[PDB]
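K.L.:
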Ligand SMILES: *Cc1ccc(-n2ccnc2-c2ccc(C)cc2)cc1Br
Ligand SMILES: *Cc1ccc(-n2ccnc2-c2ccc(C)cc2)cc1Br
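Chains as they are written, first to last, in the entry's author numbering: chain A, -4 to 70, 77 to 231; chain A', -4 to 70, 77 to 231; chain P, 211 to 218; chain P', 211 to 218. A prime marks a further copy of an entry chain.
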């Protein structure tokens, strides 16, 4: 509703300004407005959407963890639990908003492999965040929703993108984190990270200097996780 | 209104939790709720109020400056100006909220010199922030409101507090910044900072180790400004 | 927790 | 701009 009266181009322009100003809540609201205009997003626009929401939820997740840790150490009255709950609900709300944009209608209109993989990666990531705070049975269906999104993205990426494609690499990095941190599957995590690294290494020779820089940055983050996990 | 149903003690407890979680907007809302309970604030509570709002407005001010700089370099369509205006209005709103708490009724009920100086310092600081974004004639009355608040605080502090008192030192630091950055009075700024530093130096011998640490920290910040200004 | 992808 | 007082 709220951005309904602003031009799509103005929303994108303002999202970029908000990024420069480190006003990520505003950035996210601008990009939501832009998505709700109903047109497909370009590559640059998808990146703006992703940056905005990653910063918003990243703050929320960091606060949630601080509060959860205090709550665990308490096990005073109801305040820590209440405030943890408040932050958790706000986080769930942001995740639901993102998931709702993906479902209405970014994924369904995404035909090119790069756009489709991008959005399905996002869908996995935001179900993963919901999983981090979920408890019990809804927890299982949330975890399976994340897994299903990542798996669909992986299947498309393997068929349609080079092993060095940054989106493909990032997806593999995040799905490997899903396996290690959420699914209790450290061996799958390690396998995925190693195979992804090795297949990218083998394709580096095909890259220009600028593409090489991007691919190798992500490869280093895969290696960093492998180091931590072994 | 919004925190009206929560216990004062719960509000303070949650403000501390929000500080730990780096959730300063929440912190500020909790402390506003606590002030609106109508009781005086303790020393610790005053510090929580101040930390909360300084972080909120500090983010806004940083964003405003980024946007103002882009706007100045533009001198495209109305978007930069519009978004700068949006951030500016939000900032003015926070400042007005703080000033409204001070006026209803923190200053009037503050009898002890330390509490009164604390609140009048705050009043100066928040009129100073309003001055940073003001243009023309309201600008003059805003600047005079800041000046008047700082001056009243200085007069009380000189009569009632030692020259090493951290509140007294901080007030002098901020009033000196007011002179340099807002009032176009660099010589007054330098004078105030030097005299404050020298009078504190002369009283350090009276201090315990813990008090010494706090006083000397602020003295170093006065010196740092004097270095920048000369 | 393990690091996931940062922003570009 | 000149630095003012930081938080304690
Ligand atoms: C999920 C995802 C993966 C890759 C990128 N991306 C596009 C262009 N460059 C990158 C990149 C490069 C290096 C690093 C460390 C991260 C991202 C965007 C996204 Br949302
Ligand atoms: C305005 C103001 C001044 C001083 C303090 N304060 C109280 C106790 N300790 C401090 C302090 C000490 C060192 C530094 C660098 C800042 C503040 C609080 C406040 Br709001």
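Built from N, CA and C at the ideal position, the CB exists for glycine as well.
Please report the distance separating the alpha-carbon of residue -3 of chain A' from that of residue 24 of chain A'.
P.N.:
So the alpha carbons of these two residues sit roughly 9 Å apart.
K.L.:
Could you check whether the Cβ of residue 225 of chain A sits closer than 9 Å to any Cβ belonging to chain P?
P.N.:
Yes, contact with chain P.
K.L.:
Which same chain residues end up closer than 7 Å to residue 230 of chain A' when comparing Cβ atoms and leaving out the 5 residues on each side of it in sequence?
P.N.:
181, 187, 190 and 191
K.L.:
With DSSP run on the structure shown, which of helix, strand or coil describes residue 187 of chain A?
P.N.:
helix
K.L.:
Flag this pair as yes or no: are the beta carbons of residue 143 of chain A' and residue 128 of chain A' separated by less than 9 Å?
P.N.:
yes
K.L.:
Reducing DSSP to helix, strand and coil, say where residue 204 of chain A ends up.
P.N.:
Reduced to three states, the DSSP call for residue 204 of chain A is coil.
K.L.:
For residue 9 of chain A', which residues in chain A fall below 7 Å Cβ to Cβ?
P.N.:
80 and 84
K.L.:
Considering only residues of the same chain and omitting the five flanking positions on each side of residue 69 of chain A', which have a CB-CB separation below 8 Å?
P.N.:
The residues are 81.
K.L.:
Short check: CB of residue 72 of chain A' to CB of residue 103 of chain A', under 9 Å?
P.N.:
This structure gives no coordinates for residue 72 of chain A'. The numbering of chain A' moves from 70 immediately to 77.
K.L.:
Would residue 101 of chain A be called buried (16 or more neighbouring beta carbons within 10 Å of its own) or exposed?
P.N.:
Residue 101 of chain A is exposed by the Cβ-count criterion.
K.L.:
Just to make sure I have the definition right: I need the residues of chain A' whose C-beta is within less than 8 Å of the C-beta of residue 65 of chain A. Which are they?
P.N.:
Among the residues of chain A', those whose CB is under 8 Å from the CB of residue 65 of chain A are 12 and 15, following chain order.
K.L.:
Which residue from A:61, A:193 and A:66 puts its Cα closest to that of residue 223 of chain A?
P.N.:
A:193
K.L.:
Since residue 159 of chain A is in the alpha helix (DSSP H), which residue starts that stretch and which ends it?
P.N.:
Per DSSP, residue 159 of chain A is one residue of the alpha helix (DSSP H) stretching across 138 to 161.
K.L.:
Tell me the rounded alpha-carbon separation between residue 219 of chain A and residue 96 of chain A.
P.N.:
For residue 219 of chain A and residue 96 of chain A, the gap between their C-alpha atoms comes out near 25 Å.
K.L.:
Across the region 9 to 27 of chain A and the region 49 to 68 of chain A', are there enough close Cβ pairs to call them in contact, namely three or more that are closer than 8 Å?
P.N.:
Segments in contact, yes.
K.L.:
In terms of alpha-carbon separation, which member of A':39, A':148, A':139 and A':165 lies closest to residue 209 of chain A'?
P.N.:
A':165
K.L.:
If you measure between the beta carbons of residue 71 of chain A and residue 116 of chain A, is that distance less than 9 Å?
P.N.:
You won't find residue 71 of chain A in this model, because chain A goes from 70 right to 77.
K.L.:
Evaluate residue 214 of chain P with the Cβ neighbour count: other Cβ atoms within 10 Å of its Cβ, from every protein chain shown; 16 or more gives buried, anything less gives exposed.
P.N.:
buried
K.L.:
If you measure beta-carbon to beta-carbon, which residues of the region 25 to 50 of chain A are closer than 7 Å to chain A'?
P.N.:
So nothing in the stretch comes that close.
K.L.:
The alpha helix (DSSP H) spanning residue 66 of chain A covers which residue range?
P.N.:
38 to 68
K.L.:
Just tell me which of A:183, A:198 and A:66 has its CA closest to the CA of residue 137 of chain A.
P.N.:
Selected option, being the one with the closest Cα: A:183.
K.L.:
So, under 8 Å CB-CB, residue 135 of chain A' and residue 147 of chain A' are touching, yes? Tell me the CB distance rounded to an integer number of Å.
P.N.:
Between residue 147 of chain A' and residue 135 of chain A' the Cβ distance is about 10 Å, and since that is not below 8 Å, they are no contact.
K.L.:
Using the C-alpha atoms, what's the distance from residue 48 of chain A' back to residue 205 of chain A?
P.N.:
Rounded to the nearest whole angstrom, the CA to CA distance from residue 205 of chain A to residue 48 of chain A' is 50 Å.
K.L.:
At the level of alpha carbons, what is the spacing between residue 163 of chain A and residue 78 of chain A'?
P.N.:
40 Å
K.L.:
Residue 172 of chain A and residue 214 of chain A: beta carbons closer than 9 Å?
P.N.:
One thing to note: residue 172 of chain A has its Cβ no nearer than 9 Å to the Cβ of residue 214 of chain A.
K.L.:
Using CA atoms only, rank isn't needed, just tell me which of A:141, A:150 and A:44 is closest to residue 124 of chain A.
P.N.:
A:150
K.L.:
Measuring CA to CA, which of A:9, A:26, A:87 and A:34 is closest to residue 9 of chain A'?
P.N.:
A:87
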